[PDB]
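The structure appears right after this line, and notes come after that.
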Amino acid sequence: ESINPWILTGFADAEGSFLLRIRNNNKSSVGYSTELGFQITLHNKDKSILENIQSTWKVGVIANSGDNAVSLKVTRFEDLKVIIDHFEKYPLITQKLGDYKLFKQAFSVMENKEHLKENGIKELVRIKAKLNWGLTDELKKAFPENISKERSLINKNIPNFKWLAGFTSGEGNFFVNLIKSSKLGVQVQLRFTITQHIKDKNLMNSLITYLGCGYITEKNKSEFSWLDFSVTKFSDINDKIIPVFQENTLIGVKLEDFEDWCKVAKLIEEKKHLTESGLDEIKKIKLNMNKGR
DNA sequence: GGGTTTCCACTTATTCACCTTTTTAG
DNA sequence: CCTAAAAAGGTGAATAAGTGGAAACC
Ligand SMILES: [Ca+2]
Ligand SMILES: [Ca+2]
């Protein structure tokens with residue numbers, strides 16, 4: 001099929017990226033050439049998602065990104081109009097909305113060909129200073145007279161379950177937890193999570209009310225921090241999580257892990273997880289999920 | 001035809017996904 | 001006692017984000 005547009009924006013909120021290149025250049029009149037676009041890089045196993053997007057928007061080029069990943073890149077200027085038309089109708093809701101807004105300001109600058117005149121590049125740099133990781137060291141030297149306005153924090157709520165399915169297609173984990181505990185000796189526990197940096201803590205907190213279950217767990221690694229929304233109560237997983245993605249279909253290989261997750265759920269609901277044979281079946285499903293596929 | 005646009009190969013750091021065991025709740 | 005639910009603990013890598021070089025093109 002071709003990707004539902006709210007799924008697509010949810011996936012883009014999770015995996016997308018806007019780019020603005022401002023390249024030192026001797027062959028350009030202004031001394032710099034530019035390139036603007038939107039891009040997605042995934043593991044090779046989900047090349048299909050990217051092809052589905054390419055054919056859904058009917059723009060963008062696909063290339064390998066190393067030997068284990070592949071990317072969809074859209075920088076052909078005329079084709080950016082399809083990106084904008086899509087994100088005006090179906091807007092992002094994470095902080096990435098801020099990066100989209102800058103992409104859009106840079107689009108105007110180039111639509112008027114202002115990116116050739118010296119003043120035109122000065123505005124692209126001003127814009128670029130607050131996009132993603134901002135200006136390179138080399139760029140701050142070329143333009144130390146730059147002062148750019150502070151960037152508003154985005155705070156937007158989940159628009160609907162389609163957005164959620166696309167976002168969960170990016171950030172979610174459907175997990176079968178096997179706990180030592182032993183007379184049978186293995187408690188089967190389903191876990192659902194969604195992972196996201198603290199910068200979108202508001203959206204992450206809203207998930208408890210949006211889905212009617214779960215809890216936020218704060219996580220750390222070196223100096224970095226982020227958040228998990230987690231559900232571990234079987235009834236909530238069986239009555240609240242599973243129907244949402246049944247009605248609102250995941251994409252990529254992660255749909256297969258969801259489908260296996262649902263097989264284990266059916267077995268827990270039938271108490272087969274408390275029998276030896278059912279336990280064995282669950283181990284086999286777990287074996288071939290996620291990293292084991 | 002040559003200044004600019006587009007494309008394609010390729011790289012890098014950390015926010016994701018995914019994993020295990022222990023402890024507490026019921 | 002027994003089973004479920006949550007907490008405690010951990011990290012490899014698929015992401016986000018970016019770069020070099022050059023052919024395609026107006
Ligand atoms: Ca993300
Ligand atoms: Ca993902």
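Below, chain A is the first sequence line, B the second, and so on; all start at residue 1. Atom set for the values below is all heavy atoms of this structure, side chains included, hydrogens, waters and symmetry mates excluded.
Evaluation of atom-type donor-acceptor distances gives a pair under 3.5 Å for the side chain of A:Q187 against the base of C:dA5. Judged by atom type and distance alone, A:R23 does not reach the base of B:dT4 through any side-chain donor-acceptor pair under 3.5 Å. Judged by atom type and distance alone, A:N177 reaches the base of B:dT21 through a side-chain donor-acceptor pair under 3.5 Å.
Salt-bridge check for A:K254 with A:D257: failed, with every basic side-chain N at 4.0 Å or more from each acidic carboxylate O. We find that A:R126 and A:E123 are joined by a salt bridge, their nearest charged nitrogen and carboxylate oxygen being less than 4.0 Å apart. Classification of A:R151 and A:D99 as a salt-bridged pair holds, one side-chain N sitting under 4.0 Å from a carboxylate O. Residues A:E281 and A:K272 are not paired through a salt bridge, judged by the lack of any N-O separation under 4.0 Å between the basic side chain and the carboxylate. The existence of a salt bridge linking A:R293 and A:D260 is confirmed by a sub-4.0 Å separation between a basic side-chain nitrogen and an acidic carboxylate oxygen.
Considering only side-chain atoms of A:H115, the nucleotide from C:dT3, B:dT5, B:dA17 that sits closest is B:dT5. You'll find that the side chain of A:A69 is closest to C:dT15, out of C:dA6, C:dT15, B:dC18. The side chain of A:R191 sits closest to C:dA7 out of C:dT15, C:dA7, B:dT15.
For A:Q196 and C:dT15, the CD to P distance is 13 Å, given to the nearest whole Å. Atoms NZ (A:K96) and P (C:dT15) sit 13 Å apart, rounded to a whole Å. Rounded to an integer number of Å, the gap from CZ of A:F258 to P of B:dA17 is 18 Å. One atom, CZ of A:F234, and another, P of C:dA5, lie 9 Å apart when rounded to the nearest Å. Rounded to a whole Å, the CZ atom of A:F77 is 17 Å from the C1' atom of B:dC7. Remark: P of C:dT19 and CG of A:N25 are 15 Å apart, rounded to the nearest angstrom. Between the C1' atom of B:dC16 and the NZ atom of A:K199 lies a distance of 12 Å, rounded to the nearest Å. Atom CG of A:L178 and atom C1' of B:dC19 are 11 Å apart (whole Å).
Contact check, A:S17 against C:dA16: no side-chain N or O comes under 4.0 Å of OP1 or OP2. At B:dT5, none of the side-chain N or O atoms of A:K113 fall inside 4.0 Å of OP1 or OP2 (strictly under the cut-off). Under 4.0 angstrom from either OP1 or OP2 of C:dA16 there lies no side-chain N or O belonging to A:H197. For the OP1/OP2 pair of B:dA17 and a distance below 4.0 Å, the side-chain nitrogens and oxygens of A:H43 include no atom meeting the criterion.
Side-chain atoms of A:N220 and A:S225 include a donor-acceptor pair closer than 3.5 Å. Neither side chain, A:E171 nor A:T195, offers a donor N or O lying under 3.5 Å from an acceptor on the other.
Residues A:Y215 and A:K219 both approach DNA chain C. Their nearest nucleotides, taken by heavy-atom distance, put A:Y215 toward the 5′ side. Along DNA chain C, the nucleotide nearest to A:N68 and the one nearest to A:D99 differ in position, and the one closer to the 5' end is contacted by A:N68. Comparing A:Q189 and A:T193, the nucleotide of DNA chain B nearest to each residue sits closer to the 5' end for A:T193.
Among the heavy atoms of the strands lying under 4.0 Å from A:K221 is at least one base atom, whether or not backbone atoms are also near. Here A:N132 lies in heavy-atom contact (under 4.0 Å) with sugar-phosphate atoms only. At the heavy-atom level, A:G134 lies under 4.0 Å from the strands shown only through sugar-phosphate atoms. Among the heavy atoms of the strands, none lies under 4.0 Å from A:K271. Note on A:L42: only backbone sugar-phosphate atoms sit closer than 4.0 angstrom, heavy atoms only; bases stay farther off.
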Within the sub-3.5 Å range, which N or O atoms of nucleotides 8-13 of chain B have a protein N or O partner, and how far apart are they?
| residue | atom | partner | partner atom | Å |
| --- | --- | --- | --- | --- |
| B:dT11 | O4 | A:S65 | OG | 2.8 |

Please list each protein N or O that sits under 3.5 Å from an N or O in nucleotides 24-26 of chain B, with the distance.
none

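Using a 30° and 60° split on the angle between ring planes, A:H86 and A:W57 fall in the perpendicular class, above 60°.
Separation of the A:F11 and A:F167 ring centroids does not fall under the 6.0 Å cut-off.
Across every non-hydrogen atom of A:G60 and A:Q54, the tightest pair is O-NE2, 2.7 Å.
In terms of modelled atom types and a separation under 3.5 Å, the side chain of A:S55 and the main chain of A:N52 share a donor-acceptor contact.
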